[PDB]
Amino acid sequence: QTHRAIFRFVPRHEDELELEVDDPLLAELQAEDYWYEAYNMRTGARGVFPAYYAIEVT
Amino acid sequence: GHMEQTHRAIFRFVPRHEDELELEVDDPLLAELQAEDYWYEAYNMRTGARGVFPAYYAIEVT
């Protein structure tokens, strides 16, 4: 588990991942435009979300 | 008549989607929160562009 969601994110777009506060994530930063590609370890869903909605954990 | 600035961008936002508004840090905004999904409908007072962006990317101004 690499990251954690810090704010609620409700998708508007089909490619986006829904986040609740405190969701644990496996994620990779797409640094060309600062979106994460991620797997939500609470829901099992996949998709993208804007980078400042998550912190790195280690 | 005047409209006061409502919000200020705090993080860089680079659109992936046609309806989105590009933000640079400290950009001045006129914006209205959409409560069903916590996106703003906004006008960027620096760039003159319009579109949507996610709520955590801006603060309220006074």
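Residues numbered from 1 in each chain as written, not as in the entry; some residues may be left out. Chains lettered and ligands numbered in written order. Heavy atoms only, no water.

Per the deposition metadata, X-ray crystallography was the technique used to determine this entry, at a resolution of 1.614 Å.

Moving on: the overall build of chain B. A tally of helices and strands in chain B yields zero helices and five strands. Each helix and strand of chain B, placed in order from N terminus to C terminus, yields the pattern β-β-β-β-β. Computed over its C-alpha atoms, the radius of gyration of chain B comes to 11 Å, within 12% of the 11 Å expected for a compact globule of 62 residues. Seen through its C-alpha atoms, chain B measures out along the principal axes to roughly 35 × 25 × 20 Å. Every one of the 62 residues in chain B was classed for burial, and the buried ones make up 39%. Look at the contacts in chain B between residues 6 or more apart in sequence, and 38% of them connect residues 24 or more apart. Surface exposure of chain B reaches about 3,800 Å², of which carbon and sulfur atoms provide 48%. When the 5 positive and 13 negative side-chain charges of chain B are each reduced to one mean point, those points stand 7 Å apart. (Helix = DSSP H or I, 4+ residues; strand = E, 2+ residues; numbered from the N terminus. Rg over C-alpha atoms; globule rule 2.2 N^0.38 Å. Buried < 20%, exposed > 50% of the residue type's maximum accessible area, 1.4 Å probe, protein only. Contact = heavy atoms within 4.5 Å. Areas by Shrake-Rupley, 256 points an atom, 1.4 Å probe, with all protein chains shown as cover. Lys, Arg positive; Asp, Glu negative; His and termini not counted. Charge placed at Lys NZ, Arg CZ, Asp CG, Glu CD.)

Okay, the pairing of strand β2 (residues 28-34) of chain B next. Residue and element names in this part refer to chain B. Note that strand β1 (residues 7-9) and β2 share two bridges and pair antiparallel. If you follow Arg8 over to β2, its bridge partner there is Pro28. Bridge count between β2 and strand β3 (residues 39-44): six bridges; the pairing is antiparallel. Bridged to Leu33 within β3 is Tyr40. A loop of four residues connects β2 with β3, the two strands running antiparallel in sequence, and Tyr38 in this loop sits at a positive phi of about 55°. (Pairing = 2+ DSSP bridges.)

We now examine the interface of chain A and chain B. Of the residues lining the interface, 18 residues belong to chain A; the matching set on chain B comes to 18 residues. Roughly 1,700 Å² of surface becomes buried between chain A and chain B when both sides are summed, with 59% attributable to carbon and sulfur atoms. When residues of chain A are sorted by the area they lose upon contact with chain B, A:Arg12, A:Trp35 and A:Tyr52 head the list and together hold 39% of the total. Run the count over chain A and chain B and you get four salt bridges. (Buried area = accessible area lost by both parts, 1.4 Å probe. Salt bridge = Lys/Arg side-chain N within 4 Å of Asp/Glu carboxyl O.)

Before going further, it helps to examine the pattern of salt bridges. One pass over the full model with this rule turns up 11 salt bridges over all chains. A salt bridge links A:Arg12 to B:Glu36, with the shortest nitrogen-to-oxygen separation between them at 4.0 Å. Separated into two different chains, A:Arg12 in the loop between β1 (3-5) and β2 (24-30) and B:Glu36 in the loop between β2 and β3 make up a pair that spans both. Overall, B:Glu36 belongs to the exposed group, its relative accessible area being 61%. One salt bridge in this structure joins B:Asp37 and A:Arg12, with 2.7 Å as the shortest N-O distance. One end of the pair, B:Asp37, is in the loop between β2 and β3; the other, A:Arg12, is in the loop between β1 and β2, on a second chain. Judged by relative accessible area, A:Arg12 falls into the partly exposed class, the value being 29%. Several salt bridges share partner residues, and in doing so they unite A:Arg8, A:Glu18 and A:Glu20 into one network.

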